[PDB]
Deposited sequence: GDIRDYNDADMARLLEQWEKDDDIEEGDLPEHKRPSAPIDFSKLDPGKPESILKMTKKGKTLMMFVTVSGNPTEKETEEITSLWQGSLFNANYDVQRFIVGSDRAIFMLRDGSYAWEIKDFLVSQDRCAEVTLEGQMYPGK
């Protein structure tokens, strides 16, 4: 055990907002968790996510990214067309990033 506390609690609270916004859009009251470092050293996630920003937001993708807990960087996709494309980019890396979807995953049933 270590850091998972922010994962469970803080991701729940963070995504709950996105849920409620999507609900507000529903008119009544894909996203990815990427384990990159697995190490609390924010510096790693800083460098790497910096690259990811300069890459993804350069080709203009309907996505947003939050860097909390160097274990996992979170990426919310409003468009899932390039989902496996961004994922591919993350796994295409030297150290390779570990990608998992929010809630449920279509692969790995």
| query | Which parts of the deposited chain sequence are absent from the coordinates, listed in sequence order? | reply | 30-61
